[PDB]
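Source file: protein.pdb (PDB, C-alpha atoms)
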```pdb
MODEL        1
ATOM      1  CA  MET A   1      12.288  -1.877   1.393
ATOM      2  CA  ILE A   2       9.706   0.854   0.863
ATOM      3  CA  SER A   3      10.587   4.311  -0.410
ATOM      4  CA  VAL A   4       8.699   7.401   0.766
ATOM      5  CA  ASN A   5       7.139   7.777  -2.685
ATOM      6  CA  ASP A   6       5.421   4.407  -2.344
ATOM      7  CA  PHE A   7       2.354   4.497  -0.122
ATOM      8  CA  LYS A   8      -1.318   3.672  -0.639
ATOM      9  CA  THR A   9      -4.706   4.224   1.051
ATOM     10  CA  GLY A  10      -3.909   0.857   2.515
ATOM     11  CA  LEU A  11      -0.354  -0.331   2.930
ATOM     12  CA  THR A  12       1.296  -2.244   5.757
ATOM     13  CA  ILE A  13       4.680  -1.064   7.044
ATOM     14  CA  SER A  14       6.759  -2.342   9.943
ATOM     15  CA  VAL A  15       8.264   0.578  11.853
ATOM     16  CA  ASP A  16       8.557   1.800  15.471
ATOM     17  CA  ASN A  17       8.580  -1.901  16.416
ATOM     18  CA  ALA A  18       4.989  -2.213  15.226
ATOM     19  CA  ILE A  19       3.032  -3.121  12.115
ATOM     20  CA  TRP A  20       1.069  -0.272  10.624
ATOM     21  CA  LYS A  21      -1.618   0.267   8.016
ATOM     22  CA  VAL A  22      -1.457   3.520   6.067
ATOM     23  CA  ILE A  23      -4.971   4.869   5.759
ATOM     24  CA  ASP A  24      -3.973   8.127   4.078
ATOM     25  CA  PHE A  25      -0.485   9.372   3.232
ATOM     26  CA  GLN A  26       0.574  12.949   2.543
ATOM     27  CA  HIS A  27       3.738  13.435   0.497
ATOM     28  CA  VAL A  28       4.587  16.891   1.782
ATOM     29  CA  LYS A  29       7.341  19.199   0.556
ATOM     30  CA  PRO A  30       7.722  21.943   3.214
ATOM     31  CA  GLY A  31      10.543  23.522   1.234
ATOM     32  CA  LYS A  32      13.312  22.577   3.638
ATOM     33  CA  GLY A  33      15.277  20.744   0.972
ATOM     34  CA  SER A  34      13.966  17.329   1.916
ATOM     35  CA  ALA A  35      10.507  15.877   1.399
ATOM     36  CA  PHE A  36       8.533  14.082   4.064
ATOM     37  CA  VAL A  37       5.410  11.946   4.152
ATOM     38  CA  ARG A  38       2.850  12.584   6.874
ATOM     39  CA  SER A  39       1.090   9.247   6.864
ATOM     40  CA  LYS A  40      -2.103   8.575   8.782
ATOM     41  CA  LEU A  41      -1.689   4.945   9.747
ATOM     42  CA  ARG A  42      -3.383   2.498  12.080
ATOM     43  CA  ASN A  43      -1.486   0.146  14.372
ATOM     44  CA  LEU A  44      -2.747  -3.134  12.966
ATOM     45  CA  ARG A  45      -2.068  -4.840  16.291
ATOM     46  CA  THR A  46      -3.879  -2.535  18.693
ATOM     47  CA  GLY A  47      -6.224  -0.795  16.294
ATOM     48  CA  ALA A  48      -4.744   2.533  17.342
ATOM     49  CA  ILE A  49      -4.857   5.577  15.087
ATOM     50  CA  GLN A  50      -1.507   7.325  14.751
ATOM     51  CA  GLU A  51       0.474   9.248  12.154
ATOM     52  CA  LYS A  52       4.115   8.933  11.144
ATOM     53  CA  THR A  53       6.269  11.265   9.089
ATOM     54  CA  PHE A  54       8.615   9.356   6.815
ATOM     55  CA  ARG A  55      11.795  11.050   5.622
ATOM     56  CA  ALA A  56      13.105  10.982   2.054
ATOM     57  CA  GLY A  57      16.381   9.095   2.016
ATOM     58  CA  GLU A  58      15.428   6.713   4.803
ATOM     59  CA  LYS A  59      13.617   3.637   3.493
ATOM     60  CA  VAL A  60      11.456   1.515   5.788
ATOM     61  CA  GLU A  61      10.675  -2.184   6.150
ATOM     62  CA  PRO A  62       7.408  -3.513   4.649
ATOM     63  CA  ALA A  63       5.016  -5.651   6.659
ATOM     64  CA  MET A  64       3.268  -8.563   4.973
ATOM     65  CA  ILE A  65       0.120  -9.578   6.834
ATOM     66  CA  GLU A  66      -0.670 -13.287   6.760
ATOM     67  CA  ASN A  67      -4.328 -14.338   6.861
ATOM     68  CA  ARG A  68      -5.095 -17.933   7.801
ATOM     69  CA  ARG A  69      -8.607 -19.355   7.828
ATOM     70  CA  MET A  70      -8.660 -22.151  10.369
ATOM     71  CA  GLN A  71     -11.344 -24.621  11.376
ATOM     72  CA  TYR A  72     -12.400 -24.168  14.990
ATOM     73  CA  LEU A  73     -11.216 -27.150  17.002
ATOM     74  CA  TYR A  74     -11.313 -27.399  20.777
ATOM     75  CA  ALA A  75      -9.191 -28.067  23.830
ATOM     76  CA  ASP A  76      -8.996 -26.843  27.431
ATOM     77  CA  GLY A  77      -9.657 -23.163  27.896
ATOM     78  CA  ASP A  78      -6.132 -21.926  28.050
ATOM     79  CA  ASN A  79      -5.382 -22.865  24.458
ATOM     80  CA  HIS A  80      -7.803 -23.632  21.624
ATOM     81  CA  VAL A  81      -6.804 -25.650  18.582
ATOM     82  CA  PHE A  82      -7.268 -24.144  15.131
ATOM     83  CA  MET A  83      -6.597 -26.170  12.007
ATOM     84  CA  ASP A  84      -4.927 -24.144   9.269
ATOM     85  CA  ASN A  85      -7.109 -24.854   6.256
ATOM     86  CA  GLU A  86      -4.379 -23.432   4.058
ATOM     87  CA  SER A  87      -2.425 -26.610   4.782
ATOM     88  CA  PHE A  88      -2.571 -28.756   7.925
ATOM     89  CA  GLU A  89      -0.870 -26.369  10.377
ATOM     90  CA  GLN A  90      -2.298 -26.772  13.871
ATOM     91  CA  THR A  91      -2.251 -23.416  15.634
ATOM     92  CA  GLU A  92      -3.228 -22.917  19.265
ATOM     93  CA  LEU A  93      -4.526 -19.592  20.546
ATOM     94  CA  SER A  94      -3.909 -18.342  24.075
ATOM     95  CA  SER A  95      -6.437 -17.473  26.806
ATOM     96  CA  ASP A  96      -6.414 -13.718  26.032
ATOM     97  CA  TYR A  97      -7.575 -14.284  22.471
ATOM     98  CA  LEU A  98      -9.881 -17.087  23.550
ATOM     99  CA  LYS A  99     -11.636 -14.595  25.795
ATOM    100  CA  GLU A 100     -12.961 -12.722  22.780
ATOM    101  CA  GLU A 101     -13.403 -15.773  20.570
ATOM    102  CA  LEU A 102     -15.386 -17.320  23.438
ATOM    103  CA  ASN A 103     -17.781 -14.410  23.132
ATOM    104  CA  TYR A 104     -18.631 -15.377  19.573
ATOM    105  CA  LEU A 105     -17.718 -18.686  17.933
ATOM    106  CA  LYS A 106     -19.021 -21.925  16.485
ATOM    107  CA  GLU A 107     -17.251 -25.265  16.687
ATOM    108  CA  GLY A 108     -16.128 -26.362  13.234
ATOM    109  CA  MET A 109     -16.388 -22.790  11.993
ATOM    110  CA  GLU A 110     -13.627 -21.128   9.983
ATOM    111  CA  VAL A 111     -12.158 -18.013  11.536
ATOM    112  CA  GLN A 112      -9.535 -15.788   9.961
ATOM    113  CA  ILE A 113      -6.494 -15.703  12.195
ATOM    114  CA  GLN A 114      -4.239 -12.802  11.364
ATOM    115  CA  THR A 115      -0.571 -13.631  11.777
ATOM    116  CA  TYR A 116       2.715 -11.850  11.180
ATOM    117  CA  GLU A 117       5.705 -14.166  10.748
ATOM    118  CA  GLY A 118       3.650 -16.833  12.492
ATOM    119  CA  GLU A 119       2.988 -14.554  15.445
ATOM    120  CA  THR A 120      -0.693 -14.026  16.236
ATOM    121  CA  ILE A 121      -1.480 -10.330  15.876
ATOM    122  CA  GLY A 122      -5.258 -10.661  15.751
ATOM    123  CA  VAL A 123      -8.215 -12.972  15.231
ATOM    124  CA  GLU A 124     -11.163 -12.206  12.975
ATOM    125  CA  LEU A 125     -14.475 -13.908  13.674
ATOM    126  CA  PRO A 126     -17.026 -14.101  10.813
ATOM    127  CA  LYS A 127     -18.987 -10.865  10.551
ATOM    128  CA  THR A 128     -22.236 -12.757  10.974
ATOM    129  CA  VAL A 129     -22.194 -15.537  13.543
ATOM    130  CA  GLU A 130     -25.193 -17.675  14.443
ATOM    131  CA  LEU A 131     -25.542 -18.462  18.134
ATOM    132  CA  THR A 132     -28.377 -20.404  19.726
ATOM    133  CA  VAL A 133     -30.031 -18.499  22.563
ATOM    134  CA  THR A 134     -30.041 -20.661  25.666
ATOM    135  CA  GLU A 135     -31.742 -19.329  28.808
ATOM    136  CA  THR A 136     -33.812 -16.245  28.076
ATOM    137  CA  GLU A 137     -37.209 -15.029  29.277
ATOM    138  CA  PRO A 138     -39.823 -13.901  26.709
ATOM    139  CA  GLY A 139     -42.910 -11.909  27.627
ATOM    140  CA  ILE A 140     -42.944  -8.695  25.593
ATOM    141  CA  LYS A 141     -45.554  -6.737  27.550
ATOM    142  CA  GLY A 142     -47.790  -5.513  24.743
ATOM    143  CA  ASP A 143     -45.582  -2.577  23.780
ATOM    144  CA  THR A 144     -43.567  -2.627  20.573
ATOM    145  CA  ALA A 145     -40.496  -0.855  21.922
ATOM    146  CA  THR A 146     -37.435  -1.573  19.807
ATOM    147  CA  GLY A 147     -35.288  -1.305  22.913
ATOM    148  CA  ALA A 148     -37.345  -3.876  24.786
ATOM    149  CA  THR A 149     -34.475  -6.232  25.525
ATOM    150  CA  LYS A 150     -33.427  -8.574  28.326
ATOM    151  CA  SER A 151     -30.163 -10.206  29.338
ATOM    152  CA  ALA A 152     -30.048 -13.466  27.401
ATOM    153  CA  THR A 153     -27.412 -16.159  27.215
ATOM    154  CA  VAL A 154     -26.164 -17.776  24.023
ATOM    155  CA  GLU A 155     -24.558 -21.187  23.498
ATOM    156  CA  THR A 156     -21.109 -19.606  23.854
ATOM    157  CA  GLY A 157     -21.904 -18.469  27.377
ATOM    158  CA  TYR A 158     -21.982 -14.846  26.275
ATOM    159  CA  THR A 159     -24.654 -12.554  27.686
ATOM    160  CA  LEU A 160     -26.387 -10.212  25.236
ATOM    161  CA  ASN A 161     -29.570  -8.149  25.156
ATOM    162  CA  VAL A 162     -32.313  -9.856  23.143
ATOM    163  CA  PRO A 163     -35.791  -8.469  22.365
ATOM    164  CA  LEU A 164     -38.408  -9.649  24.876
ATOM    165  CA  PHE A 165     -40.095 -11.769  22.178
ATOM    166  CA  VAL A 166     -37.059 -14.023  21.672
ATOM    167  CA  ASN A 167     -37.523 -17.615  22.846
ATOM    168  CA  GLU A 168     -35.032 -20.261  23.967
ATOM    169  CA  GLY A 169     -33.801 -22.229  20.989
ATOM    170  CA  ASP A 170     -33.878 -19.374  18.489
ATOM    171  CA  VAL A 171     -30.729 -18.920  16.446
ATOM    172  CA  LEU A 172     -29.494 -15.374  16.910
ATOM    173  CA  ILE A 173     -27.433 -13.778  14.179
ATOM    174  CA  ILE A 174     -24.848 -11.346  15.529
ATOM    175  CA  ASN A 175     -22.550  -8.922  13.719
ATOM    176  CA  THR A 176     -19.203  -9.966  15.176
ATOM    177  CA  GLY A 177     -16.716  -7.127  15.288
ATOM    178  CA  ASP A 178     -19.128  -4.473  16.460
ATOM    179  CA  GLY A 179     -21.418  -6.656  18.538
ATOM    180  CA  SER A 180     -24.549  -5.445  16.821
ATOM    181  CA  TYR A 181     -27.567  -7.704  17.273
ATOM    182  CA  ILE A 182     -29.127  -9.097  14.125
ATOM    183  CA  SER A 183     -32.621 -10.550  14.229
ATOM    184  CA  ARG A 184     -33.281 -14.224  14.955
ATOM    185  CA  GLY A 185     -33.698 -16.412  11.901
TER     186      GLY A 185
ENDMDL
END
```

The structure given in the file should be rewritten as structure tokens.
Amino acid sequence: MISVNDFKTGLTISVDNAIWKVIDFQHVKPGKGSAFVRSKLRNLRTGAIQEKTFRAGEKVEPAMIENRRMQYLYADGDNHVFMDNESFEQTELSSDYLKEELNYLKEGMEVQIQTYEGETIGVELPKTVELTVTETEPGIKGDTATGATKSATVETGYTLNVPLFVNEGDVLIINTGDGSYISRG
């Protein structure tokens, strides 16, 4: 287990029935006779920013985060099949996760599924995904406004705002994670 003198700018600890990621720890000695550690740590499951004060003399359980890059297979949209490329472990993701993965994904593409003890805690899509734009209307009206965008549809079925000079068939690069539009190839 982890002692209160062992923390880093990134360290995963399982406490409060959650898995946390210490962003910045403060080993504080208030002069009470016991030292504490005010740790700024992010709930790795929800993405929430919290802080926890650890107490000297009470060790905590460490959390090892398991990253699995899986090839994107397909099934009915309640569960999608992902092939563990680490070694042949078929893992199916549930509708809730599929909702986000259905926003950005490519079939046959490797995504990084983040598990803890086999339990899916998150799914990481590649930071730059390439999606073909299907059904969009060009016609940039002479102006060169950078915010001249229209509601376009990509192959995934996701609707995103493309510049008015984007034509059907163009492969749009998107920064998955933030949703920032990158320019068509």

key: Top pick for closest residue to residue A:16, considering A:161, A:34, A:43, A:183 and counting only C-alpha atoms   =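 Using only C-alpha atoms, the shortest distance to residue A:16 belongs to A:43.
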
query = Which residue out of A:70, A:173, A:102, A:162 has the minimum interatomic distance to residue A:139 when all atoms listed in the file are used?
reply = A:162

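Those residues that approach stretch 28-32 of chain A to within 12 Å, counting only C-alpha atoms, are residues 4, 5, 25, 35, 36, 37, 38, 39, 53, 54, 55 and 56 of chain A; same-chain residues fewer than 3 positions away are not listed.
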
message = Using all atoms listed in the file, which protein or nucleic acid residues come within 12 Å of residue A:7? Drop anything in the same chain fewer than 2 positions from it, and give the result as a list in words.
response =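 Surrounding residues, per the criterion: residues 1, 2, 3, 4, 5, 9, 10, 11, 12, 13, 20, 21, 22, 23, 24, 25, 26, 27, 37, 38, 39, 40, 41, 54, 59, 60 and 62 of chain A.
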
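Near (-33.8, -4.0, 22.7), the residues that fall inside 12 Å on the basis of only C-alpha atoms are residues 140, 143, 144, 145, 146, 147, 148, 149, 150, 151, 152, 160, 161, 162, 163, 164, 165, 166, 180, 181, 182 and 183 of chain A.
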
remark   = If you count all atoms listed in the file, the residue of A:159, A:120, A:176, A:167 closest to residue A:105 turns out to be A:176

ask   = Hey, can you check how far atom CA of residue A:83 sits from atom CA of residue A:71?
value = 5.0 Å

request  = Please identify all polymer residues lying at most 10 Å from the point (-0.2, -11.3, 2.5) (file coordinates), using all atoms listed in the file, and present the result as a list in words.
outcome  =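 Returned residue set, sorted by chain then number, is residues 12, 63, 64, 65, 66, 67, 68, 114, 115 and 116 of chain A.
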
inquiry  = Report, in Å to a single decimal, how far apart atom CA of residue A:179 and atom CA of residue A:138 are.
reply    =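 Separation between atom CA of residue A:138 and atom CA of residue A:179: 21.4 Å.
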
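Distances to residue A:98 were evaluated for A:153, A:136, A:79, A:17 using all atoms listed in the file, and the minimum falls at A:79.
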
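You can rank A:69, A:127, A:80, A:184 by their closest distance to residue A:92 using all atoms listed in the file, and at the top of that list sits A:80.
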
task = State, in Å with one decimal place, the distance from atom CA of residue A:119 to atom CA of residue A:174.
result = 28.0 Å

request  = On this file, the PyMOL selection byres ((chain A and resi 156) around 12) gives some set of residues; write that set as a list in words.
outcome  = residues 98, 99, 100, 101, 102, 103, 104, 105, 106, 107, 129, 130, 131, 132, 133, 134, 135, 152, 153, 154, 155, 157, 158, 159, 160 and 172 of chain A

Is it possible to dump stretch 30-79 of chain A as a PDB file, in the first residue's frame, including just N, CA and C atoms?
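Ended up saving to decode07.pdb:
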```
ATOM      1  N   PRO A  30       1.035  20.873   9.694  1.00  0.00           N
ATOM      2  CA  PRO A  30       0.380  21.995  10.374  1.00  0.00           C
ATOM      3  C   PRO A  30       0.885  22.209  11.800  1.00  0.00           C
ATOM      4  N   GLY A  31       1.645  21.250  12.312  1.00  0.00           N
ATOM      5  CA  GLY A  31       2.195  21.381  13.646  1.00  0.00           C
ATOM      6  C   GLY A  31       1.271  20.826  14.708  1.00  0.00           C
ATOM      7  N   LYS A  32       0.435  19.874  14.319  1.00  0.00           N
ATOM      8  CA  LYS A  32      -0.525  19.279  15.235  1.00  0.00           C
ATOM      9  C   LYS A  32       0.061  18.025  15.879  1.00  0.00           C
ATOM     10  N   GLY A  33       1.182  17.569  15.339  1.00  0.00           N
ATOM     11  CA  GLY A  33       1.800  16.350  15.820  1.00  0.00           C
ATOM     12  C   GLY A  33       1.768  15.262  14.771  1.00  0.00           C
ATOM     13  N   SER A  34       0.874  15.424  13.810  1.00  0.00           N
ATOM     14  CA  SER A  34       0.736  14.487  12.710  1.00  0.00           C
ATOM     15  C   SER A  34       0.753  15.237  11.388  1.00  0.00           C
ATOM     16  N   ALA A  35       1.411  14.669  10.394  1.00  0.00           N
ATOM     17  CA  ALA A  35       1.471  15.288   9.083  1.00  0.00           C
ATOM     18  C   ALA A  35       0.343  14.792   8.200  1.00  0.00           C
ATOM     19  N   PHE A  36      -0.049  15.632   7.263  1.00  0.00           N
ATOM     20  CA  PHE A  36      -1.119  15.312   6.341  1.00  0.00           C
ATOM     21  C   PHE A  36      -0.663  15.626   4.929  1.00  0.00           C
ATOM     22  N   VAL A  37      -1.401  15.159   3.944  1.00  0.00           N
ATOM     23  CA  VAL A  37      -1.067  15.437   2.559  1.00  0.00           C
ATOM     24  C   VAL A  37      -2.300  15.898   1.798  1.00  0.00           C
ATOM     25  N   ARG A  38      -2.393  17.201   1.572  1.00  0.00           N
ATOM     26  CA  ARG A  38      -3.479  17.763   0.786  1.00  0.00           C
ATOM     27  C   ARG A  38      -3.200  17.520  -0.687  1.00  0.00           C
ATOM     28  N   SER A  39      -3.821  16.501  -1.240  1.00  0.00           N
ATOM     29  CA  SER A  39      -3.547  16.116  -2.607  1.00  0.00           C
ATOM     30  C   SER A  39      -4.653  16.567  -3.546  1.00  0.00           C
ATOM     31  N   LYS A  40      -4.271  17.288  -4.586  1.00  0.00           N
ATOM     32  CA  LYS A  40      -5.197  17.668  -5.638  1.00  0.00           C
ATOM     33  C   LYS A  40      -5.268  16.521  -6.624  1.00  0.00           C
ATOM     34  N   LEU A  41      -6.389  15.826  -6.677  1.00  0.00           N
ATOM     35  CA  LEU A  41      -6.462  14.625  -7.487  1.00  0.00           C
ATOM     36  C   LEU A  41      -7.777  14.529  -8.257  1.00  0.00           C
ATOM     37  N   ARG A  42      -7.676  13.998  -9.462  1.00  0.00           N
ATOM     38  CA  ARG A  42      -8.798  13.923 -10.378  1.00  0.00           C
ATOM     39  C   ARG A  42      -9.406  12.531 -10.362  1.00  0.00           C
ATOM     40  N   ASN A  43     -10.724  12.460 -10.208  1.00  0.00           N
ATOM     41  CA  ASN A  43     -11.426  11.190 -10.321  1.00  0.00           C
ATOM     42  C   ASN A  43     -11.272  10.696 -11.747  1.00  0.00           C
ATOM     43  N   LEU A  44     -10.539   9.609 -11.912  1.00  0.00           N
ATOM     44  CA  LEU A  44     -10.152   9.134 -13.231  1.00  0.00           C
ATOM     45  C   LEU A  44     -11.359   8.558 -13.971  1.00  0.00           C
ATOM     46  N   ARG A  45     -12.434   8.317 -13.232  1.00  0.00           N
ATOM     47  CA  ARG A  45     -13.643   7.752 -13.806  1.00  0.00           C
ATOM     48  C   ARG A  45     -14.554   8.837 -14.368  1.00  0.00           C
ATOM     49  N   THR A  46     -14.741   9.904 -13.607  1.00  0.00           N
ATOM     50  CA  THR A  46     -15.686  10.941 -13.978  1.00  0.00           C
ATOM     51  C   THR A  46     -14.990  12.153 -14.584  1.00  0.00           C
ATOM     52  N   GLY A  47     -13.702  12.280 -14.304  1.00  0.00           N
ATOM     53  CA  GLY A  47     -12.953  13.432 -14.755  1.00  0.00           C
ATOM     54  C   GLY A  47     -13.062  14.591 -13.787  1.00  0.00           C
ATOM     55  N   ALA A  48     -13.625  14.319 -12.616  1.00  0.00           N
ATOM     56  CA  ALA A  48     -13.890  15.356 -11.628  1.00  0.00           C
ATOM     57  C   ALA A  48     -12.626  15.779 -10.893  1.00  0.00           C
ATOM     58  N   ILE A  49     -12.556  17.056 -10.558  1.00  0.00           N
ATOM     59  CA  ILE A  49     -11.415  17.604  -9.841  1.00  0.00           C
ATOM     60  C   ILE A  49     -11.737  17.745  -8.357  1.00  0.00           C
ATOM     61  N   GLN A  50     -11.057  16.966  -7.532  1.00  0.00           N
ATOM     62  CA  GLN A  50     -11.272  17.006  -6.097  1.00  0.00           C
ATOM     63  C   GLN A  50      -9.925  17.060  -5.383  1.00  0.00           C
ATOM     64  N   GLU A  51      -9.951  17.175  -4.068  1.00  0.00           N
ATOM     65  CA  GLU A  51      -8.740  17.089  -3.277  1.00  0.00           C
ATOM     66  C   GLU A  51      -8.990  16.265  -2.021  1.00  0.00           C
ATOM     67  N   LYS A  52      -7.998  15.479  -1.642  1.00  0.00           N
ATOM     68  CA  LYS A  52      -8.107  14.587  -0.499  1.00  0.00           C
ATOM     69  C   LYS A  52      -6.909  14.755   0.419  1.00  0.00           C
ATOM     70  N   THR A  53      -7.167  14.850   1.711  1.00  0.00           N
ATOM     71  CA  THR A  53      -6.100  14.958   2.684  1.00  0.00           C
ATOM     72  C   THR A  53      -5.798  13.606   3.308  1.00  0.00           C
ATOM     73  N   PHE A  54      -4.638  13.066   2.976  1.00  0.00           N
ATOM     74  CA  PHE A  54      -4.207  11.790   3.517  1.00  0.00           C
ATOM     75  C   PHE A  54      -3.540  11.999   4.870  1.00  0.00           C
ATOM     76  N   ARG A  55      -3.680  11.023   5.752  1.00  0.00           N
ATOM     77  CA  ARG A  55      -3.199  11.149   7.120  1.00  0.00           C
ATOM     78  C   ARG A  55      -2.043  10.192   7.381  1.00  0.00           C
ATOM     79  N   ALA A  56      -0.949  10.725   7.916  1.00  0.00           N
ATOM     80  CA  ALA A  56       0.213   9.915   8.252  1.00  0.00           C
ATOM     81  C   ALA A  56      -0.159   8.833   9.257  1.00  0.00           C
ATOM     82  N   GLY A  57       0.145   7.591   8.914  1.00  0.00           N
ATOM     83  CA  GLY A  57      -0.200   6.478   9.773  1.00  0.00           C
ATOM     84  C   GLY A  57      -1.308   5.632   9.184  1.00  0.00           C
ATOM     85  N   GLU A  58      -2.003   6.180   8.196  1.00  0.00           N
ATOM     86  CA  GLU A  58      -3.052   5.448   7.503  1.00  0.00           C
ATOM     87  C   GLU A  58      -2.712   5.316   6.021  1.00  0.00           C
ATOM     88  N   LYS A  59      -2.192   4.154   5.647  1.00  0.00           N
ATOM     89  CA  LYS A  59      -1.805   3.889   4.266  1.00  0.00           C
ATOM     90  C   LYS A  59      -3.030   3.604   3.402  1.00  0.00           C
ATOM     91  N   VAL A  60      -2.915   3.883   2.112  1.00  0.00           N
ATOM     92  CA  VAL A  60      -4.034   3.717   1.194  1.00  0.00           C
ATOM     93  C   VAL A  60      -3.701   2.728   0.082  1.00  0.00           C
ATOM     94  N   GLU A  61      -4.740   2.242  -0.584  1.00  0.00           N
ATOM     95  CA  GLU A  61      -4.592   1.248  -1.638  1.00  0.00           C
ATOM     96  C   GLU A  61      -4.261   1.925  -2.966  1.00  0.00           C
ATOM     97  N   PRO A  62      -3.255   1.412  -3.687  1.00  0.00           N
ATOM     98  CA  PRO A  62      -2.889   1.922  -5.005  1.00  0.00           C
ATOM     99  C   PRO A  62      -3.816   1.412  -6.101  1.00  0.00           C
ATOM    100  N   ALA A  63      -3.959   2.200  -7.150  1.00  0.00           N
ATOM    101  CA  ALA A  63      -4.814   1.840  -8.264  1.00  0.00           C
ATOM    102  C   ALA A  63      -4.000   1.735  -9.545  1.00  0.00           C
ATOM    103  N   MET A  64      -3.909   0.537 -10.093  1.00  0.00           N
ATOM    104  CA  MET A  64      -3.190   0.332 -11.340  1.00  0.00           C
ATOM    105  C   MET A  64      -4.152   0.401 -12.517  1.00  0.00           C
ATOM    106  N   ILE A  65      -3.931   1.366 -13.397  1.00  0.00           N
ATOM    107  CA  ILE A  65      -4.812   1.576 -14.537  1.00  0.00           C
ATOM    108  C   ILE A  65      -4.349   0.750 -15.731  1.00  0.00           C
ATOM    109  N   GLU A  66      -5.262  -0.021 -16.294  1.00  0.00           N
ATOM    110  CA  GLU A  66      -4.937  -0.945 -17.368  1.00  0.00           C
ATOM    111  C   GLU A  66      -5.395  -0.384 -18.714  1.00  0.00           C
ATOM    112  N   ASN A  67      -4.446  -0.153 -19.612  1.00  0.00           N
ATOM    113  CA  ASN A  67      -4.767   0.365 -20.939  1.00  0.00           C
ATOM    114  C   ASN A  67      -4.720  -0.753 -21.971  1.00  0.00           C
ATOM    115  N   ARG A  68      -5.805  -0.914 -22.710  1.00  0.00           N
ATOM    116  CA  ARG A  68      -5.891  -1.961 -23.717  1.00  0.00           C
ATOM    117  C   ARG A  68      -6.273  -1.383 -25.072  1.00  0.00           C
ATOM    118  N   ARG A  69      -5.373  -1.474 -26.037  1.00  0.00           N
ATOM    119  CA  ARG A  69      -5.689  -1.042 -27.387  1.00  0.00           C
ATOM    120  C   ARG A  69      -6.372  -2.175 -28.141  1.00  0.00           C
ATOM    121  N   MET A  70      -7.607  -1.932 -28.545  1.00  0.00           N
ATOM    122  CA  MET A  70      -8.412  -2.961 -29.170  1.00  0.00           C
ATOM    123  C   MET A  70      -8.835  -2.537 -30.564  1.00  0.00           C
ATOM    124  N   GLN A  71      -8.882  -3.501 -31.472  1.00  0.00           N
ATOM    125  CA  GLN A  71      -9.339  -3.254 -32.827  1.00  0.00           C
ATOM    126  C   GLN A  71     -10.859  -3.162 -32.850  1.00  0.00           C
ATOM    127  N   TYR A  72     -11.366  -2.135 -33.516  1.00  0.00           N
ATOM    128  CA  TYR A  72     -12.793  -1.854 -33.529  1.00  0.00           C
ATOM    129  C   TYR A  72     -13.545  -2.857 -34.398  1.00  0.00           C
ATOM    130  N   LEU A  73     -14.223  -3.783 -33.743  1.00  0.00           N
ATOM    131  CA  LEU A  73     -15.123  -4.707 -34.409  1.00  0.00           C
ATOM    132  C   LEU A  73     -16.547  -4.192 -34.246  1.00  0.00           C
ATOM    133  N   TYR A  74     -17.528  -4.940 -34.708  1.00  0.00           N
ATOM    134  CA  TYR A  74     -18.879  -4.414 -34.759  1.00  0.00           C
ATOM    135  C   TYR A  74     -19.927  -5.472 -34.457  1.00  0.00           C
ATOM    136  N   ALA A  75     -21.022  -5.007 -33.883  1.00  0.00           N
ATOM    137  CA  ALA A  75     -22.161  -5.839 -33.548  1.00  0.00           C
ATOM    138  C   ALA A  75     -23.422  -4.982 -33.594  1.00  0.00           C
ATOM    139  N   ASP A  76     -24.450  -5.361 -32.853  1.00  0.00           N
ATOM    140  CA  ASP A  76     -25.664  -4.556 -32.786  1.00  0.00           C
ATOM    141  C   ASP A  76     -25.429  -3.410 -31.819  1.00  0.00           C
ATOM    142  N   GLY A  77     -26.109  -2.285 -32.001  1.00  0.00           N
ATOM    143  CA  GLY A  77     -25.793  -1.162 -31.154  1.00  0.00           C
ATOM    144  C   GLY A  77     -26.479  -1.232 -29.807  1.00  0.00           C
ATOM    145  N   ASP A  78     -26.070  -2.221 -29.034  1.00  0.00           N
ATOM    146  CA  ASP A  78     -26.189  -2.216 -27.588  1.00  0.00           C
ATOM    147  C   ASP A  78     -24.830  -2.558 -27.012  1.00  0.00           C
ATOM    148  N   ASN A  79     -24.106  -3.382 -27.773  1.00  0.00           N
ATOM    149  CA  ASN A  79     -22.764  -3.824 -27.421  1.00  0.00           C
ATOM    150  C   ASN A  79     -21.896  -3.873 -28.673  1.00  0.00           C
TER     151      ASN A  79
END
```
